[PDB]
Amino acid sequence: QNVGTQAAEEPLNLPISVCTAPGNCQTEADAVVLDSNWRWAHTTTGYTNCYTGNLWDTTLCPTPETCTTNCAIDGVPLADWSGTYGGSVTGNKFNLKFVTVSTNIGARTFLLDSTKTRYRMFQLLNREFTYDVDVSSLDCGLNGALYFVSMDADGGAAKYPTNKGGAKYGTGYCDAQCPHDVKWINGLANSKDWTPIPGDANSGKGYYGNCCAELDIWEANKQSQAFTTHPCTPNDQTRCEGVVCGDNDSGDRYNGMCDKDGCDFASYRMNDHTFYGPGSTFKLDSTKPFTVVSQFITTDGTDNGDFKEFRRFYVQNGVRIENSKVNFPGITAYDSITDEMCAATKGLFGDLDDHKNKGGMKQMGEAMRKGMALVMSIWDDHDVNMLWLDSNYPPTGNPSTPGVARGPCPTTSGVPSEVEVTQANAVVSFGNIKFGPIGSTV
């Protein structure tokens with residue numbers, strides 16, 4: 001995309017901590033940038049929309065190349081962050097409102113480095129990543145997500161010279177779902193064969209998808225939470241078409257370059273329904289804030305080893321809370337993501353181990369070694385109504401069959417039109433982000 005001249009781009013300042021030992025950290029003066037999908041797209045030498053509602057203008061965008069020549073994405077000024085997009089920062093806390101009323105629904109954002117010209121790339125192997133979260137106002141159907149993806153640090157600017165904005169304009173998004181709803185891919189409008197998504201007034205799908213590796217630290221609302229590894233072959237940003245995208249709609253979910261299911265550790269799905277929930281007698285009380293700690297263990301305990309284990313623990317009101325465990329007869333009580341856990345649990349659930357097909361923890365680790373961009377988002381789910389996270393999936397499945405039940409939400413929950421009314425004022429908060437060696441962040 002070209003860059004427009006109507007509004008300066010002003011990312012929100014967000015300090016994080018880089019740590020060397022427990023309680024010995026230094027501030028890193030980073031910032032938050034809005035994903036290019038949420039930006040106004042208009043004519044390069046005017047005010048005329050190139051995209052309105054869920055459609056590209058066919059006169060301006062008869063082809064992707066012409067669209068890209070004629071159109072530009074514009075900046076987010078400071079005033080518009082809260083007023084238009086529902087984003088705000090107080091000290092080291094970042095807040096994202098779900099619906100902001102001209103009416104904005106959801107948000108996806110990235111962490112910029114201290115220069116505000118590149119994404120802050122995190123080399124996560126043999127490191128610990130930690131943050132405080134509040135998901136108390138997110139119920140069934142919503143997801144306040146924090147995760148990493150194998151985006152380029154410059155959003156693709158060096159690879160795709162028609163991308164003028166780079167990381168500064170939140171470009172280059174890709175993930176392990178190979179999404180077609182990304183409006184700008186490889187420096188070009190994804191306007192070919194663009195199709196609105198029914199019941200989604202703001203979104204559509206273009207000819208291409210954009211694939212890359214994804215490490216989900218946090219997919220969650222107050223009812224259920226998960227962390228998940230998604231390797232791809234290769235891991236780096238890859239525009240896809242046809243079978244390579246692994247499109248759900250053509251029966252290709254397991255035929256593409258990315259592991260779409262991922263290998264998940266989701267406490268409720270692993271059959272501990274009392275670990276996490278909205279109340280003081282759950283082990284971890286989702287009505288109150290808490291700290292989420294993630295440790296990425298290698299084979300030799302060094303930065304050069306292969307990724308072998310994703311460990312997790314929590315801190316809430318000064319109380320250390322170890323992760324829940326897998327709880328099925330004849331299955332080891334795993335409390336972390338490893339290749340063995342993935343094989344054993346997917347075996348039990350009858351899920352295809354595409355994680356293993358894509359190179360497993362080792363391949364996931366190669367993405368983490370090269371460095372990944374931090375994503376913070378809030379969203380509802382127009383495909384599957386978040387049932388995969390917090391309900392029975394498939395909805396018609398027996399909840400006593402291992403793998404089906406992922407949370408207590410009813411199978412009628414999560415319809416975007418309903419959650420966008422009922423949960424309009426939901427806000428996820430991510431704060432006090434800390435990064436360092438294992439054992440350094442609490």
# chains A, B, ... in the order shown; residues from 1 in each chain; ligands from 1
>>> select_by_dssp(residues="range 146-288 of chain A", states="strand (DSSP E)", output="MDAnalysis selection string")
chainID A and resid 146:149 184:185 188:189 195:196 204:205 209:211 214:220 225:230 238:240 263:265 276:277 284:285
>>> residues_around(residues="range 408-414 of chain A", least_positions_apart="5", cutoff="7 Å", atoms="only C-alpha atoms", output="list in words")
residues 140, 141, 142, 223, 385, 386, 387, 390, 391, 392, 395 and 419 of chain A
>>> closest_residue(among="A:138, A:185, A:421, A:361", to="residue 219 in chain A", atoms="only C-alpha atoms")
A:138
>>> residues_around(residues="residue 51 in chain A", least_positions_apart="2", cutoff="8 Å", atoms="only C-alpha atoms", output="list in words")
residues 40, 41, 42, 49, 53, 54, 55, 56 and 57 of chain A
>>> write_last_selection(atoms="N, CA, C and O atoms", output="PDB file, in the first residue's frame")
ATOM      1  N   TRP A  40      -8.317   3.533   7.109  1.00  0.00           N
ATOM      2  CA  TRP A  40      -9.015   4.137   5.988  1.00  0.00           C
ATOM      3  C   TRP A  40      -8.156   3.963   4.725  1.00  0.00           C
ATOM      4  O   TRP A  40      -6.967   4.320   4.719  1.00  0.00           O
ATOM      5  N   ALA A  41      -8.751   3.374   3.683  1.00  0.00           N
ATOM      6  CA  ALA A  41      -8.114   3.226   2.371  1.00  0.00           C
ATOM      7  C   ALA A  41      -8.810   4.146   1.369  1.00  0.00           C
ATOM      8  O   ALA A  41     -10.014   4.002   1.122  1.00  0.00           O
ATOM      9  N   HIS A  42      -8.055   5.082   0.792  1.00  0.00           N
ATOM     10  CA  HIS A  42      -8.620   6.095  -0.103  1.00  0.00           C
ATOM     11  C   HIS A  42      -7.672   6.420  -1.253  1.00  0.00           C
ATOM     12  O   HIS A  42      -6.528   5.965  -1.263  1.00  0.00           O
ATOM     13  N   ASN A  49     -13.006   6.985  -0.982  1.00  0.00           N
ATOM     14  CA  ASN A  49     -12.781   5.643  -0.452  1.00  0.00           C
ATOM     15  C   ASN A  49     -12.481   4.647  -1.561  1.00  0.00           C
ATOM     16  O   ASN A  49     -13.166   4.622  -2.577  1.00  0.00           O
ATOM     17  N   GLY A  53     -17.334  -0.210   3.804  1.00  0.00           N
ATOM     18  CA  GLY A  53     -18.108  -1.302   4.385  1.00  0.00           C
ATOM     19  C   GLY A  53     -17.316  -2.585   4.238  1.00  0.00           C
ATOM     20  O   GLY A  53     -16.350  -2.796   4.958  1.00  0.00           O
ATOM     21  N   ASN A  54     -17.717  -3.426   3.284  1.00  0.00           N
ATOM     22  CA  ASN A  54     -17.016  -4.692   3.022  1.00  0.00           C
ATOM     23  C   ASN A  54     -16.690  -4.920   1.532  1.00  0.00           C
ATOM     24  O   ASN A  54     -16.498  -6.064   1.112  1.00  0.00           O
ATOM     25  N   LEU A  55     -16.588  -3.829   0.764  1.00  0.00           N
ATOM     26  CA  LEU A  55     -16.363  -3.874  -0.684  1.00  0.00           C
ATOM     27  C   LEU A  55     -15.287  -2.894  -1.122  1.00  0.00           C
ATOM     28  O   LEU A  55     -15.240  -1.773  -0.623  1.00  0.00           O
ATOM     29  N   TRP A  56     -14.453  -3.312  -2.073  1.00  0.00           N
ATOM     30  CA  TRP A  56     -13.550  -2.399  -2.774  1.00  0.00           C
ATOM     31  C   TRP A  56     -14.326  -1.688  -3.869  1.00  0.00           C
ATOM     32  O   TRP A  56     -15.278  -2.241  -4.425  1.00  0.00           O
ATOM     33  N   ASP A  57     -13.907  -0.472  -4.189  1.00  0.00           N
ATOM     34  CA  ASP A  57     -14.500   0.276  -5.289  1.00  0.00           C
ATOM     35  C   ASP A  57     -14.025  -0.347  -6.606  1.00  0.00           C
ATOM     36  O   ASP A  57     -12.825  -0.384  -6.867  1.00  0.00           O
TER      37      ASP A  57
END
>>> closest_residue(among="A:331, A:157, A:50, A:18", to="residue 64 in chain A", atoms="only C-alpha atoms")
A:50
>>> atom_distance(atom1="CA of residue 426 in chain A", atom2="CA of residue 103 in chain A")
14.6 Å
>>> closest_atom_pairs(of="range 234-270 of chain A", to="range 336-357 of chain A", cutoff="7 Å", atoms="only C-alpha atoms", output="tab-separated table")
residue	atom	partner	partner_atom	distance
A:254	CA	A:354	CA	6.8
A:259	CA	A:354	CA	5.5
A:262	CA	A:355	CA	5.9
A:263	CA	A:342	CA	5.8
A:265	CA	A:337	CA	6.5
>>> closest_residue(among="A:360, A:46, A:77, A:431", to="residue 292 in chain A", atoms="only C-alpha atoms")
A:431
>>> residues_around(residues="residue 45 in chain A", least_positions_apart="5", cutoff="9 Å", atoms="only C-alpha atoms", output="PyMOL selection string")
chain A and resi 4-5+70-72
